[PDB]
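Engineer:
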Amino acid sequence: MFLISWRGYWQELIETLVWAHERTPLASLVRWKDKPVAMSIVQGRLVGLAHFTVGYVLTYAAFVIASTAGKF
Amino acid sequence: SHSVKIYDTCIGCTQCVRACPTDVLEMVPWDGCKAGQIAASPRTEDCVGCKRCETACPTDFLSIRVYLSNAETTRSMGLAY
Amino acid sequence: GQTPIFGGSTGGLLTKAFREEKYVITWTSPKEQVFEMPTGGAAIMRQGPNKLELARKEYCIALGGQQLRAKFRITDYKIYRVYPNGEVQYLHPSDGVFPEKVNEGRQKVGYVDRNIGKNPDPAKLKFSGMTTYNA
Amino acid sequence: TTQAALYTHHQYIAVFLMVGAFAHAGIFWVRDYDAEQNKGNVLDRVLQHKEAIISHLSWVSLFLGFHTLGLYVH
Amino acid sequence: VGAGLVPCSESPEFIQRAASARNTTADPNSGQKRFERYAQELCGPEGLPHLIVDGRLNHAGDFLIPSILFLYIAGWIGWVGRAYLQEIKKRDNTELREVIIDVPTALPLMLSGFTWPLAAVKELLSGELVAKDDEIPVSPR
Amino acid sequence: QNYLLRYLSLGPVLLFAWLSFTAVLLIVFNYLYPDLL
Amino acid sequence: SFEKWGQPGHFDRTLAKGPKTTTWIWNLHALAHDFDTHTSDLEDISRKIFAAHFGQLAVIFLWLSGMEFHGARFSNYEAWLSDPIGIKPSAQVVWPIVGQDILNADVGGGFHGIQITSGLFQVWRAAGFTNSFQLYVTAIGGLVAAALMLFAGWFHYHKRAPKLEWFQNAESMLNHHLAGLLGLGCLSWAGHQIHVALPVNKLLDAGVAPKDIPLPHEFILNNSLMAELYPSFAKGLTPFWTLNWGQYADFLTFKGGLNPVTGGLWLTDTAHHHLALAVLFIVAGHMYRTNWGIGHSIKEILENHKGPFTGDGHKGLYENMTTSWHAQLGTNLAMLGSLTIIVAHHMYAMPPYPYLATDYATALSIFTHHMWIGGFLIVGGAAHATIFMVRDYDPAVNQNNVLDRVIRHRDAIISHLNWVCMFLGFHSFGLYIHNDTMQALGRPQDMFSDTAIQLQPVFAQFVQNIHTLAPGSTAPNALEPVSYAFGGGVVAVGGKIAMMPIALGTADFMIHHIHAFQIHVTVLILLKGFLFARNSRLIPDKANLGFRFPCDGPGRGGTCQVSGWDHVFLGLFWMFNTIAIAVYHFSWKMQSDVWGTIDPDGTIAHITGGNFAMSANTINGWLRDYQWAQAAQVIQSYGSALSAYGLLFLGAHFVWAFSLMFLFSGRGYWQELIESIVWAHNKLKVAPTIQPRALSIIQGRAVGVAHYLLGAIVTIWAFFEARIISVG
Amino acid sequence: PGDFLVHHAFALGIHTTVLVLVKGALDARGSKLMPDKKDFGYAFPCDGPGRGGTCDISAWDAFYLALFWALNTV
Amino acid sequence: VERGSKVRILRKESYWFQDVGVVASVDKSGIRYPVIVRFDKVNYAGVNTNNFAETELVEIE
Ligand SMILES: CC1=C(C/C=C(\C)CCC[C@H](C)CCC[C@H](C)CCCC(C)C)C(=O)c2ccccc2C1=O
Ligand code: SF4
Ligand code: SF4
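Protein chains in written order, with the entry's author numbering: chain A, 665 to 736; chain B, 1 to 81; chain C, 7 to 141; chain D, 370 to 443; chain E, 24 to 164; chain F, 8 to 44; chain G, 25 to 752; chain H, 517 to 590; chain I, 2 to 62.
And the structure:
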């Protein structure tokens with residue numbers, strides 16, 4: 665998910681989603697610590713790679729130790 | 001905002017000044033070639049990073065470049081909110 | 007004080023565009039015809055004055071460039087930045103019709119007329135924070 | 370189970386440990402490098418013929434891949 | 024031919040497979056015949072033959088002459104392709120004909136690849152195969 | 008007329024032609040004596 | 025007259041000059057049909073569309089006649105005629121050379137070949153087809169008609185081409201088509217049915233010597249055998265002259281159910297069906313105004329329907345529906361797609377051909393095929409809607425209309441939409457994984473099926489119920505319920521189920537809800553691209569710049585993928601997910617509690633054993649209890665005579681990974697590698713004059729998504745094809 | 517025979533891995549169609565769509581690819 | 002090196018460095034880049050025509 669989609673789509677909907685808090689009542693009290701925006705490009709690449717590598721690591725380890733301790 | 005970079009290869013067709021929608025260019029008087037007025041960036045603070053300008057530069061190894069900095073703000077990021 | 011005939015929308019001015027900045031544009035249109043606005047809308051203008059309020063420095067310049075002079079040939083429009091205090095800035099028009107190359111002598115601040123073959127270097131320019139220009 | 374886990378553990382540790390070396394070699398090439406101080410020494414003579422290196426490397430990769438896959442599909 | 028590999032002639036499991044060896048094609052002798060053709064090599068416990076590559080005349084021809092055949096045909100095709108390319112450029116209709124093949128000229132070049140190896144050797148000795156490091160102007164860096 | 012080849016020689020149609028020629032070529036030797044190993 | 029083909033770029037002025045680089049090749053296969061991008065004229069466009077339609081029809085006729093011909097000379101039909109049970113139809117006999125010799129699909133009677141699954145013989149069990157020579161003549165007729173209408177297209181383009189006012193008479197269009205085309209064809213087919221179909225169907229009850237059974241000429245004027253059955257069918261008694269129709273109760277009846285002697289329904293109902301439809305939409309299609317000064321002025325109807333919330337109603341919509349073409353294209357595509365998928369969702373409960381529910385191989389093949397086409401083209405309908413938005417519109421004729429009234433308040437719509445999608449999404453899936461965790465956590469009482477925490481879709485149950493007892497009161501002149509999945513008796517034949525009532529317990533809930541979930545997000549993506557097509561809150565030049573362009577530079581951070589067809593990219597990914605899990609669900613249920621074998625007690629011993637109530641509630645179960653069964657033979661399903669077809673499922677994974685390679689990578693890397701190889705080739709004097717250049721990023725994205733889809737769908741069809749072969 | 521096969525596979529794997537790595541390394545300075553990058557830095561540079569696009573040119577774009585090519589090898 | 006002569010390039014950053022082009026028009030005016038050369042190999046959008054200072058050109062033949 666992080667790898668394929670890119671930062672030209674995950675910003676249009678953040679606009680309209682900022683539009684909400686401004687105009688609903690009983691929740692417009694709170695405001696922003698800091699104005700939120702979409703991620704960055706390099707950071708997106710990095711997080712995608714991190715997710716991929718962590719996903720790759722775990723399953724194989726589980727498989728190998730479980731198999732070795734279950735078959736001898 | 002970001003930084004702009006000018007060179008000597010400006011032939012002077014002035015397609016970049018008609019392409020930048022951000023008012024960051026002007027042809028200041030020159031003497032060297034038949035141009036007599038070479039493009040430059042007086043108003044960098046409104047740079048956007050669209051870099052539609054050098055795509056309008058026909059010169060071999062297009063005469064303008066933009067060094068895309070790191071000191072962005074609400075202006076350089078371009079938000080209506 | 008003239009504003010075009012429109013039925014209302016949902017993408018106009020926001021919590022920033024009256025706490026930080028305002029944008030306005032106005033010209034002289036001796037006719038009335040249908041036009042399109044970048045926030046979406048097909049409406050009609052009126053004779054003479056045509057005042058419009060907006061929030062971005064892109065909708066205005068888009069109107070000025072493509073709509074007015076390239077279609078309607080109108081060329082007498084002011085575009086004005088506004089501060090939070092209500093005071094105004096006059097960036098452009100600065101050359102009449104924004105030709106962007108004609109003048110009898112021009113401003114002079116900063117110059118770099120040098121090729122790239124001799125470029126700044128990491129190990130030579132160090133222990134400071136200057137940029138790619140000072141040789 | 371113990372020795373097996375240890376073996377794959379250590380090899381996994383090893384693999385991208387080397388990638389760290391190559392990456393830091395790459396970043397050295399931009400930050401820490403002076404031209405005239407090494408004019409004509411062995412490093413520059415490497416850079417002068419990098420082309421044939423990468424070309425022949427692509428060559429051997431293509432060869433081995435093609436033929437191993439062909440034998441497999443055989 | 025060691026490594027504990029039995030001859031395919033006397034490997035029992037080899038003939039065991041050969042008995043009901045599924046005759047592939049439309050001829051009943053297809054299977055059996057091929058198994059008979061597989062007595063020269065030497066089998067193993069898997070019952071199927073391995074190939075030895077040493078120039079050793081036990082299995083020399085079973086790998087050498089196919090290699091040389093491939094070298095023949097690859098040399099021919101590469102040679103005729105390069106020759107055609109060299110020829111096209113002396114027409115000043117370069118990229119017009121790059122997609123439209125000139126058959127009346129493309130034929131004899133193909134037909135004239137008979138003696139590619141030794142002719143190539145000549146172009147090696149004459150030095151008619153390489154251009155000069157700096158004459159070739161393809162800029163690196 | 009014989010101008011058809013002027014408009015049949017395109018490359019692509021010639022590609023498939025040559026490839027099918029070579030294919031049936033490879034077939035007949037595999038069709039006539041597929042019994043030499 | 026052959027001096028003209030080999031002059032490429034005949035339609036474009038730019039790429040007509042010469043192929044500078046390889047790019048010139050690519051665009052050659054890209055702009056060969058959008059001739060709206062060639063001029064501003066329209067009569068030429070319309071003529072091209074006519075000729076292209078004729079060509080498509082020609083290839084249609086060609087392929088259908090050729091498939092017939094294969095069915096006549098290389099298909100075991102006439103042997104499978106006498107026995108449609110103990111014989112499995114086949115075609116495409118294998119050519120006896122090295123490689124394809126063991127693949128002789130022998131289906132009894134020594135007939136080898138390829139065991140097909142497309143159920144054309146089923147049509148050929150209703151059309152009453154005895155000898156293959158008549159079929160030979162049929163193919164000849166099909167191909168000659170193909171050539172005929174192709175010649176007609178040539179003529180109507182090169183000699184006498186139609187004029188321009190010939191386009192926009194949608195009134196006569198609807199009238200002629202609706203009435204003449206549909207009604208006359210349908211009533212003609214019904215006439216064929218009553219004359220030939222049910223007679224030979226009667227004659228297919230006990231082995232009545234098929235070829236010996238007379239030919240239609242023996243019934244054109246020979247009413248004696250026609251007077252054997254149906255005493256009112258002496259001639260007809262022609263009581264229609266007397267307005268009396270009570271005599272015709274013989275054939276033109278209303279049964280409405282399964283006929284356990286045909287493997288399908290009662291054909292008389294279908295005949296009377298077709299009659300009723302014919303006259304009904306004949307009198308319908310006689311509506312609109314034409315050349316006799318009588319009828320609806322349809323451009324005034326839409327003028328009338330306005331009001332307080334409407335604004336000004338449907339004013340000004342015909343300029344859009346006739347001046348532009350992509351509009352019509354998109355809407356008709358969407359409608360056809362929906363129609364097709366309901367067809368798919370339809371013909372597994374009311375089999376309209378002989379031997380359908382008893383034949384457990386063709387069913388899901390037809391089903392999944394049509395279902396895939398449905399979505400696969402409705403997304404294209406939406407895409408053409410968007411292309412209309414970018415190509416055709418008007419600020420003048422679109423004041424305050426029901427169209428313009430949404431493009432002004434799009435943000436609220438899409439925000440509430442996002443809200444709904446988020447809600448449904450986790451409300452369903454997180455609930456699912458919650459139950460997953462509970463089962464893995466020794467807390468089984470926190471499960472959600474009947475044996476645990478409760479939820480029951482009462483609405484479906486009550487609607488099915490009120491459908492069960494329909495006849496008598498709602499349907500007095502009706503004999504059996506419309507189907508037997510709602511209610512009725514378990515209808516069957518042999519030890520083989522035809523239709524039983526379907527049970528909706530707990531697992532139905534989240535399945536239907538995630539269906540709705542994905543449909544919601546799909547609509548979200550597509551409609552988002554639709555509205556935000558011309559102007560975004562940041563990009564006010566979209567329509568001013570195009571709809572097929574990669575990005576707008578690294579301004580505002582990033583802006584890559586801001587066109588619309590990338591929106592439809594993401595959408596097609598999502599619809600892939602939707603339809604894939606949909607077919608998963610359908611196949612698993614209709615093999616778990618609908619299909620199996622039967623005992624003399626009517627004892628339905630289903631294939632799997634009702635696995636949803638057991639495992640279709642947790643994720644780990646979903647992989648275990650579905651693909652364990654869906655593959656446990658494909659590993660070994662090769663290795664003998666009628667097994668040798670080593671399937672390309674092992675092969676499709678490769679294309680899938682090769683696909684995903686194109687997605688994750690840029691292009692500059694490939695460009696530089698290309699330049700290095702060019703350096704080498706130039707050193708050895710073999711430099712190709714036409715300078716190769718790497719693919720454009722949109723081109724690469726397209727080929728990546730194409731290969732992705734191809735691999736996935738190939739994989740899945742291989743899966744269930746072999747799975748049905750293991751039982752059919 | 518199998519060991520013959522897989523060992524050649526290892527050869528291939530490390531060959532392409534070092535290929536992409538040395539390509540990125542020796543491009544840490546600049547490319548034929550983008551020589552300036554030496555001053556742009558071991559950083560983002562994207563160089564928007566000059567010729568079909570120039571995404572993934574930033575001197576450790578290669579690092580991602582190399583990481584994949586190492587993971588499958590190991 | 003005249004109007005219609007094939008010469009190679011000395012400008013380093015040039016896309017056609019060391020590559021040969023034909024001197025289309027020999028200008029010799031006060032501009033720093035008099036010589037107008039034409040090539041056929043394409044850089045960005047085909048700038049096969051360019052100008053140089055003829056103190057940056059060398060003939061071949
Ligand atoms: C999803 C996605 C986003 C959107 C991602 C965003 C907005 C970040 C997600 C928001 C945060 C990270 C969610 C986590 C919030 C936690 C629940 C709060 C933590 C507090 C607990 C520790 C208590 C991008 O910006 C993007 C950019 C470029 C390429 C791809 C993508 C991409 O795929
Ligand atoms: S940079 Fe380009 S547009 Fe600007 S003056 Fe130079 S040649 Fe003209
Ligand atoms: S991105 Fe380019 S066009 Fe826009 S302001 Fe900066 S230099 Fe000018």
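Note that beta-carbon positions come from the ideal geometry of N, C-alpha and C, so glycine has one too.
1. Since I:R4 and I:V24 are thought to touch, with beta carbons under 8 Å apart, how far apart are those beta carbons, to the nearest angstrom?
2. Are H:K554 and C:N125 close, meaning C-beta to C-beta below 9 Å?
3. Given that a residue counts as buried once 16 or more other Cβ atoms are within 10 Å of its Cβ, and exposed if not, what is G:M197?
4. Which residues does DSSP list as the beta-bridge partners of G:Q715?
5. According to DSSP, is G:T63 part of a helix, a strand, or is it coil?
6. Express the C-alpha separation of G:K279 and G:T498 in angstroms, rounding to a whole number.
7. Check whether the segment 714-729 of chain G touches the segment 560-569 of chain H, counting contact only when three or more Cβ pairs, one atom from each stretch, lie closer than 8 Å.
8. On a CA-only basis, which of E:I111, E:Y61, E:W102 and E:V76 is nearest G:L708? Give me that one, please.
9. Less than 9 Å between the beta carbons of B:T55 and B:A80, yes or no?
10. Chain G beta carbons: is any one of them nearer than 9 Å to that of B:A80?
11. Need the endpoints of the beta strand (DSSP E) that D:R400 sits in, please.
12. How many Å lie between H:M550 and G:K44 at the Cα?
13. For E:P163 and chain H, any beta-carbon pair shorter than 9 Å?
14. Exposed or buried, which one is G:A730 when buried takes at least 16 other CB atoms within 10 Å?
15. Within 9 Å of any Cβ in chain B, is that where the Cβ of I:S15 sits?
16. Alpha carbon to alpha carbon, how far is G:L105 from residue 753 of chain G? Give it in angstroms, no decimals.
17. Quick one: list the residues of chain B neighbouring A:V706, beta-carbon separation under 7 Å, in chain order.
18. Figure out for me which residue from G:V658, G:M638 and G:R580 has the closest Cα to the Cα of A:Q675.
19. Using only the heavy atoms of ligand 3, determine whether one of them is closer than 8 Å to the beta carbon of B:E54.
20. Comparing alpha-carbon positions, which option in G:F486, G:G33, G:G670 and G:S142 lies nearest G:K112?
21. Unbroken beta strand (DSSP E) runs of length 3 or more, entirely within the segment 591-651 of chain G: which are they?
22. With 9 Å set as the bound, which would you pick, yes or no: does the beta-carbon of residue 459 of chain D sit closer than that to a beta-carbon of chain C?
23. Any beta carbon of chain B sitting closer than 9 Å to that of residue 786 of chain G?
24. For a test of the three-state rule: what should DSSP assign to B:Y67, helix, strand or coil?
25. Roughly how far, in whole angstroms, is the beta-carbon of G:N559 from the beta-carbon of G:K552, given that I think they are within contact range, below 8 Å?
26. I'd like to know if E:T48 contacts chain F, where contact means its C-beta is closer than 9 Å to some C-beta of that chain.
27. Identify every residue that forms a DSSP beta bridge with G:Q124.
28. If you follow the beta strand (DSSP E) that B:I38 is in, where does it begin and where does it stop?
29. Work out the CA separation of G:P468 and G:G529 for me, nearest whole Å.
30. List the residues of chain G whose Cβ lies closer than 9 Å to the Cβ of B:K51, in chain order.
31. Using the beta-carbon count (16 or more within 10 Å), is C:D101 buried or exposed?
32. Pull up the distance between the alpha-carbon of G:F678 and that of G:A742, whole angstroms please.
33. Buried or exposed: G:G90, going by 16 or more other Cβ atoms within 10 Å of its Cβ?
Structural biologist: Concretely, from the data shown:
1. Distance from I:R4 to I:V24 at the Cβ level is roughly 6 Å; contact confirmed, criterion being Cβ atoms closer than 8 Å.
2. Yes, the pair counts as a contact, with Cβ atoms nearer than the cut-off.
3. Per the 10 Å Cβ criterion, exposed.
4. Answer is G:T45, bridged to G:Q715.
5. Reduced to three states, the DSSP call for G:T63 is coil.
6. Rounded to the nearest angstrom, the two C-alpha atoms are 15 Å apart.
7. Look at the beta carbons and you see the segment 714-729 of chain G touching the segment 560-569 of chain H: at least three pairs across the two are nearer than 8 Å.
8. For G:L708, the nearest C-alpha among the options comes from E:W102.
9. The Cβ-Cβ distance between B:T55 and B:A80 does not fall below 9 Å.
10. Yes, B:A80 counts as interfacial toward chain G.
11. First-last for D:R400: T371 to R400, but that is the alpha helix (DSSP H), not the beta strand (DSSP E).
12. Those two C-alpha atoms are separated by around 22 Å.
13. Yes, E:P163 lies at the interface with chain H (some Cβ there is under 9 Å from its Cβ).
14. The residue in question, G:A730, is exposed, as its Cβ has fewer than 16 Cβ neighbours within 10 Å.
15. Residue contact with chain B for I:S15: present (Cβ-Cβ distance below 9 Å to some residue of chain B).
16. An answer regarding residue 753 of chain G cannot be provided, because it is not within the stretch 25 to 752 covered by chain G.
17. Residues of chain B passing the Cβ test: none, with the nearest at roughly 12 Å.
18. Checked all of G:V658, G:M638 and G:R580; the closest Cα to A:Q675 is G:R580.
19. Checking the Cβ of B:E54 against ligand 3 gives yes.
20. G:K112 has its Cα closest to that of G:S142, out of G:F486, G:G33, G:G670 and G:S142.
21. Taking only runs of at least 3 residues, the beta strand (DSSP E) segments lying wholly in the segment 591-651 of chain G are 620-622 and 628-630.
22. Nothing about residue 459 of chain D can be reported from this structure: the residues present for chain D run from 370 to 443 only.
23. For chain G, the structure presents residues 25 to 752; residue 786 of chain G sits outside this window and is missing.
24. Three-state result, B:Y67: strand.
25. With 8 Å as the limit, G:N559 and G:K552 do not qualify as a contact, their Cβ atoms being about 13 Å apart.
26. It does; some Cβ of chain F falls within 9 Å.
27. Partner(s): G:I121.
28. According to the DSSP assignment, B:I38 belongs to the beta strand (DSSP E) that extends over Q37 to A40.
29. Straight-line Cα distance between these residues: approximately 18 Å.
30. Within 9 Å Cβ-Cβ: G577, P578 and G579.
31. Looking at its Cβ environment, which holds fewer than 16 other Cβ atoms inside 10 Å, C:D101 is exposed.
32. Counting only the Cα atoms, G:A742 lies some 15 Å from G:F678.
33. Exposed, because fewer than 16 other Cβ atoms sit within 10 Å of the Cβ of G:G90.
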